[PDB]
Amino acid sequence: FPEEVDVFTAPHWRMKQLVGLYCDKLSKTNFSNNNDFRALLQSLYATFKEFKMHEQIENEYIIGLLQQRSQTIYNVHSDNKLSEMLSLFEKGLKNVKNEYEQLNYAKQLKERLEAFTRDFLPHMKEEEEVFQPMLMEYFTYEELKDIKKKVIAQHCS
């Protein structure tokens, strides 16, 4: 699809970049070290807040408009359980007070992150492969242009 009407690719390039960055940070992190431990969680909190902002932009600028056009039932824009990821990081930041707890938390963190990435990648792909075509259907080219302009502006603060 022409870039000027593609509402998912550019934002997703950033989202995928972020995924790579936290996977690298995660694998390099020494969960036995308190400072290393809190820095990763801080980074993760920021990263997933950006994810949360990304999903919100889509809900407010794309999904809502699209749904008020067709009304003829769903795909829904899935949650990805971002609030639950953010809640996890918070517990690690407020509740973990020693190395035993850091290492027990780590196993759960890795589990949950892997599962998240496992839900996030198909999620983005579905937007690109299913929602985008739908947009071309229910909106004119210029209407879609206008939507993308707002979407990209929101991602560029």
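In this text, rigid core is short for the largest set of C-alphas that superpose within 1.5 Å between two forms. Residues carry their position along the shown sequence, with the first being 1.
- Superposition on the core shows that, in 4 other deposited structures of this protein, the C-alpha atoms drift more in one of 63-71 and 107-115; this is 63-71.
- Note: missing coordinates for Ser78 occur in a third or more of the other compared entries bracketing this position.
- Checked against the record, the higher mean CA B factor of 53-61 and 121-129 lies with 121-129.
- When 65-73 is weighed against 105-113, 65-73 comes out higher, by mean CA B-factor as recorded in the entry.
- The entry lists a Cα temperature factor for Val5 that places it in the lowest third of the chain's modelled residues.
- Compared with the other modelled residues of the chain, the Cα B-factor recorded for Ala153 ranks in the middle third.
- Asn33: CA B factor lies in the middle third for its chain, per the PDB record.
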